[PDB]
């Protein structure tokens, strides 16, 4: 009867991730758009949509548990992929982080919307997009939890 913080979601064209933080189920606008989320009681609309910050959010679905925002300002981040792989990342800036070991872009594919955890497993940000040179993802862009907290 375990509960997940990260939901592996998908539209018709693609698949990505969503992350429950503070009762809201967040994900990237370039994945969901204005799309409504499925519920056993029918489609439930986004509580938040923010094309600018690339952020959208519906109320957390069932079988989900919320992530706690980071409160230690650590720069040693960890990215969780749609395959539940953890990728060590060093925060290079407000919304930028460098992978400690670059991976083929394919490795991070479908993980957008996922969480960027701090050493305590708290939400630091939401994976926005991979920044890669040639075919290798060296860094990642991410939506800081503050944006989310701000949007709430």
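Only the largest set of C-alpha atoms that superpose within 1.5 Å between the two forms is called the rigid core. Residue numbers count along the first chain shown, from 1.
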>> Between 104 to 112 and 61 to 69, which has its CA atoms farther from the current form in 7 other deposited structures of this protein, using a rigid core superposition?
In response: 61 to 69
>> If you take the mean CA temperature factor per stretch, which one wins between 89 to 97 and 118 to 126?
In response: 89 to 97
> On average, which has the higher Cα B-factor in the deposited entry, 53 to 61 or 80 to 88?
Replying inline: 53 to 61
> When you compare the CA B-factors of 21, 18, 12, 143 as listed in the entry, which one comes out on top?
Replying inline: 12
> When the modelled residues of the chain are sorted by Cα temperature factor, does residue 132 land in the lowest, middle or highest third?
Replying inline: highest
> In terms of the CA temperature factor given in the entry, to which third of its chain does residue 106 belong: lowest, middle or highest?
Replying inline: highest
> Among the modelled residues of its chain, does the C-alpha B-factor of residue 2 lie in the lowest, middle or highest third?
Replying inline: middle
> Mind checking which third residue 48 falls in for C-alpha B-factor across the chain?
Replying inline: highest
